[PDB]
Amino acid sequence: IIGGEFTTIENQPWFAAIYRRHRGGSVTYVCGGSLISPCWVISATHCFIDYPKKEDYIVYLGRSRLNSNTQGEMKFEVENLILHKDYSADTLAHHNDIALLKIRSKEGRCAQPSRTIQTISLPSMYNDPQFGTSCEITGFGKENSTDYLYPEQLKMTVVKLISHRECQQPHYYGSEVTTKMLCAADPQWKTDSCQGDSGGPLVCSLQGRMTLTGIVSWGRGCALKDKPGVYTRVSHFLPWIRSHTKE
């Protein structure tokens, strides 16, 4: 997250921190996620497409810090890693960039809700806020494009939803942005998602409810004029999500 503020898990109790273990015993941070039901985290396929081995992954919930323990945090293995079959990437765009991680504690259980671990609601079919609406993002992603390490403390910021019309102009993204995507940016280009933020939530307060409007997907750089963050339009993927989450 370029700009914005540091935060704690209690402010974003649905955010999942997803790591990869390596041969040798090192663990790295992969991407964020959102808890959508006690057994299911939802994230981005491009985070996992090169390494689809569910065994390699660790999911934390209730976690505020990158490399240390937070009180009340829970550790999960990935029982089922489900990638969208029509995923693909172009120069810039990722398409159908959505994934489900079915989770389980070492004792065989799904998430137990607490003050620091809660689910985030899904939107209804083709039901998004109007452009100009403020929404929040959360992540351990880079704080500046030049960094090579991620922040140790979770972050958030508030960005504004951008119309498809503005997003698909030539100097923005042309036809690279589709209807199954959503753009959001700072009007002054000062805050943004950035590498490492992928897979995490774009949350919009919709009709008196905290709603998973987006999943961090792609962009051209971070906080660049005329280059908004691009997010998966979760409201266009409910038959996909329901289909894989029923069993």
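Numbering starts at 1 and follows the sequence shown.
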Check: Is the mean CA B factor in the deposited entry higher across 151 to 159 or across 118 to 126?
Finding: 118 to 126
Next item on the list: Going by the average Cα B-factor in the PDB entry, point out whether 64 to 72 or 42 to 50 comes out higher.
Entry: 64 to 72
Note to self: Among 217, 213, 195, 179, where is the Cα B factor highest in this entry?
What the structure shows: 179
Note to self: Just to confirm, going by the entry's C-alpha B-factors, which of 106, 102, 95, 142 comes out highest?
What the structure shows: 106
Checklist line | Entry-reported Cα temperature factor of residue 224, expressed as the chain third it lands in | finding: highest
Next item on the list: Would you check the entry's CA temperature factor for residue 89 and let me know if it's in the chain's lowest, middle or highest third?
Entry: highest
Note to self: When the deposited Cα B-factors of this chain's modelled residues are ordered and cut into thirds, is residue 110 in the lowest, the middle or the highest one?
What the structure shows: highest
Check: For residue 20, does the deposited CA B-factor place it in the lowest, middle or highest third of the chain?
Finding: middle
Checklist line | Chain thirds of CA B-factor: placement of residue 34 | finding: lowest
